[PDB]
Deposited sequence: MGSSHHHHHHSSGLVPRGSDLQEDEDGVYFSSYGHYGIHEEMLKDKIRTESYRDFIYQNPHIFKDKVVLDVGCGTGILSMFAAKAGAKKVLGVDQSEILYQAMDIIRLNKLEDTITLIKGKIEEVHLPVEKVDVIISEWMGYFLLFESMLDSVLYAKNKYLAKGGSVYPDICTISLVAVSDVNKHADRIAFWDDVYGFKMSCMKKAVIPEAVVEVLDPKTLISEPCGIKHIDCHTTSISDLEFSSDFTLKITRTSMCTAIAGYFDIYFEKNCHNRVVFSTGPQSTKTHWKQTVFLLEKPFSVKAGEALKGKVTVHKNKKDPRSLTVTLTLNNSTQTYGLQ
């Protein structure tokens, strides 16, 4: 419960990327009014204060906000940071506009249970003309996976369970997207971007999208799953730009990777251009067409 804010703090890629962005681009914060959407323990608000913010407003609907209040006092920042409990859609801020919005809002596969809707609400209601929102740029990518042993573990497993048939269970496990760190040696294609978001110009409408994709296969193997992940960019007006990836070739983060199991694994050859289609609909669902099968997946 508090453990989960602790896990996010201990995700060094996450927390240090935000730290570095803020501390190495103080001109973005100096004498500015900052809104921290979903502030949690208030760590991002404290970075922003340290980087010279004139005022920081930290908003969170959760009980964690009472901890944040005590945390702000312990660090003698109450003259700079004001915490407000509630949803961004409901609270009264003590200003009309802010100069900068910062938020750690990202869900699994970027969009599952994300706080992006709220951040966009904040942008449209509270962001000053010429203001900025960070991180400003996000992408989502897909990558092909070959792991016949894991497929066997999840699927063929059900043909004989302590001597009994359980085949019908395959159809219940296939639709459940898995959140897990992948062994990077199991990747069998180059990644393919399926979505680019700039938070300055994106609407809630753009978060439901469709994309044709082509996976450039790099190993002759059996394709058993498709994995997804996202990359986060701090770019606008930065002298020191910051990027982090949640992909399997990079240091693991608490977002891990998202895995969509294929009911029917199929063979691919190195150098092949494997084409498919992906659509995300509003909890989200992900519909995948590949090798002439189509499956919709959810994250329960």
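Within the chain's deposited sequence, the coordinate-free stretches run 1 to 34, 317 to 322 in sequence order.
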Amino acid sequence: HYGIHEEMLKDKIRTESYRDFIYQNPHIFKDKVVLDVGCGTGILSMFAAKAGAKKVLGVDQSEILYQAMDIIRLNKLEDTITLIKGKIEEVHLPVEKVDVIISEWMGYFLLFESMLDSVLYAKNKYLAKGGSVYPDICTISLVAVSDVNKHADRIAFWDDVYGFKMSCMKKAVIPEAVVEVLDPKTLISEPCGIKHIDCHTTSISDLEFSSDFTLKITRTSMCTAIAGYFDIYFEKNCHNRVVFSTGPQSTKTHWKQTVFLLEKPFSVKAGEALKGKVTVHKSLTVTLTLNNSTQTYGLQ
From here on, numbers count along this sequence of modelled residues.
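For the pair 240 to 248 and 62 to 70, the mean Cα B-factor is higher in 62 to 70.
For the pair 135 to 143 and 94 to 102, the mean Cα B-factor is higher in 94 to 102.
Remark: of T289, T15, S283, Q24, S283 shows the highest value [criterion: C-alpha B-factor in the PDB entry]. Ranked by Cα temperature factor within the chain, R154 sits in the lowest third according to the deposited record. Remark: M222 belongs to the middle third of its chain, ranked by C-alpha B-factor as recorded. In this PDB entry, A128 carries a Cα temperature factor that places it within the highest third of its chain's modelled residues. Among the modelled residues of its chain, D79 has a C-alpha B-factor that falls in the highest third, as given in the PDB entry. Sort the chain's modelled residues by C-alpha temperature factor and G42 lands in the lowest third, per the entry.
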